[PDB]
Amino acid sequence: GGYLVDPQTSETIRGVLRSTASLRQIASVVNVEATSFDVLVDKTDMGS
Amino acid sequence: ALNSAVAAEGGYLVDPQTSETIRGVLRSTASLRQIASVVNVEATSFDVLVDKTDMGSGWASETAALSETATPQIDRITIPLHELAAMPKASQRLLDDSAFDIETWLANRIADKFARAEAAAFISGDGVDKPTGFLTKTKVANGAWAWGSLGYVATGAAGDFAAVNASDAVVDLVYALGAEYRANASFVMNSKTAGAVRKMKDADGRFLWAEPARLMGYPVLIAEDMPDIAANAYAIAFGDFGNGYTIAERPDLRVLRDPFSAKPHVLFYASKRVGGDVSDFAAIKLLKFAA
Amino acid sequence: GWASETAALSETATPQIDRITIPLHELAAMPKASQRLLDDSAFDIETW
């Protein structure tokens, strides 16, 4: 009778869990539809 | 997620589908139950009542004063109606973890085993706790035929059929069976006797006999429990078994599961009860190979 | 024990019981006080 026992197969197959802390939640994310993105910064300030 | 052959690269996800219903070797169901008189009976014993004789007629004259005439004397045949019991032992871990319906599979397999095991008792069974088959009924040669016995015709030579006139030991067996019984009559043989019958041929090599595998227009039950062609054996029978042999039974299969005696096992106790012997001694003739 | 799927399955054991008796003794005291120094003292020794 041991041939007809047929174990179950754990309906959702799992994996090893890896951390998802990814620096996207602290940095600034910009949607871009081009080949490249720029920023325009100010390396100096004005005068008085 | 790679090729399905090697185990670690996705071979453990391949889950071989089992069959729908557990199959088995399909053993013989040609059991003489389909040709005889099967009678439901809720009792200990069944009593057929046959007429072993008949009456007399007068052709009474105009002025004769008609006297008495005969009146048929009557025989009672007691079917013993024994039981047939099988008790397989099945484990509780199997019955809980064995997704096939194991209980109805055992109820089918026990039923097949019983329908096959009663076929041996219907043909060659003795008296002790089993039905007496028609081979064990004190065979007396035909012509000197009494009611308390079965008739036979003999073939000639001891081991086999007759030398000069082979295969008419069959035809006089047919035409020595009674003109009303041949309306629905049948041969009963086993397979290696029917093969030896089919191997018979004329003086030129062609088979002289020409899915149910009937012989001379009469159907043949290929049993598996008659004797083969031995020195004084009764390998071939012929007759109207629907009148000749009476099967008495209960048409159900009593199962009791037993979780108590064998403790981690389930131990199905199944027993149907079945009996029967010959009711009409004229309706079965035999072929003896003696002389 | 875990039952070997195939086994005789004999009886395991039974918790052996035990009666512990609390014999319920008595604790008594007999101060023998004189009849003089119970009715000639100013302090009620009989209640003290």
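Heads up, the Cβs are rebuilt from the backbone with ideal geometry, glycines too, and the neighbour counts pull from every protein chain shown. Readers should treat all values here as calculations from the given coordinates under stated rules, not as data from a laboratory.
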- Message: Being part of a loop (DSSP other than H, G, I, E, B) and surrounded by 14 or more Cβ atoms within 10 Å (Cβ to Cβ) is the requirement here; does B:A203 meet it?
- Response: no
- Task: Return the only residue of A:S48, A:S10, A:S36, A:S22 being within 12 Å of chain B (Cβ to nearest Cβ) and among the polar types (S, T, N, Q).
- Result: A:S10
- Task: Among the candidates B:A270, B:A223, single out the residue that is surrounded by 19 or more Cβ atoms within 10 Å (Cβ to Cβ) and under 17 Å from B:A194 (Cβ atoms).
- Result: B:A223
- Message: Out of the residues in the range B:229-263 meeting the condition of being loosely packed, with under 13 Cβ neighbours inside 10 Å and away from every other protein chain (no Cβ under 14 Å), tell me which one is nearest to B:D172 (Cα to Cα).
- Response: B:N232
- Given (1) under 30 Å from B:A111 (Cα atoms); (2) touching an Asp or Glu at 6+ places or on another chain (Cβ under 6 Å); (3) part of a loop (DSSP other than H, G, I, E, B); (4) not small (G, A, S), number of the condition B:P72 does not satisfy: (1)
- Message: Of the residues B:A60, B:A36, only one is hydrophobic (A, V, I, L, M, F, W, C) and within 28 Å of B:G151 (Cβ to Cβ); which?
- Response: B:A36
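Does B:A146 qualify as being surrounded by fewer than 22 Cβ atoms within 10 Å (Cβ to Cβ), under 22 Å from B:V174 (Cβ atoms) and either out of contact with any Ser or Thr (no Cβ under 9 Å at 6 or more places or on another chain) or polar (S, T, N, Q) (or both)?
Values: surrounded by fewer than 22 Cβ atoms within 10 Å (Cβ to Cβ): yes; under 22 Å from B:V174 (Cβ atoms): yes; either out of contact with any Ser or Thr (no Cβ under 9 Å at 6 or more places or on another chain) or polar (S, T, N, Q) (or both): yes.
Criteria met by B:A146.
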- Item | Selection from the range B:206-219 of residues that are aliphatic (A, V, I, L, M), under 24 Å from B:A157 (Cβ atoms) and assigned to a loop (DSSP other than H, G, I, E, B) | B:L208, B:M216
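Go through the range B:43-58 and report how many residues are assigned to a loop (DSSP other than H, G, I, E, B) and within 29 Å of B:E83 (Cα to Cα).
At the first step, the residues of the range B:43-58 found to be assigned to a loop (DSSP other than H, G, I, E, B) are B:43-45, B:52-58.
Now restrict to residues that are within 29 Å of B:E83 (Cα to Cα): B:43-45.
The total comes to 3.
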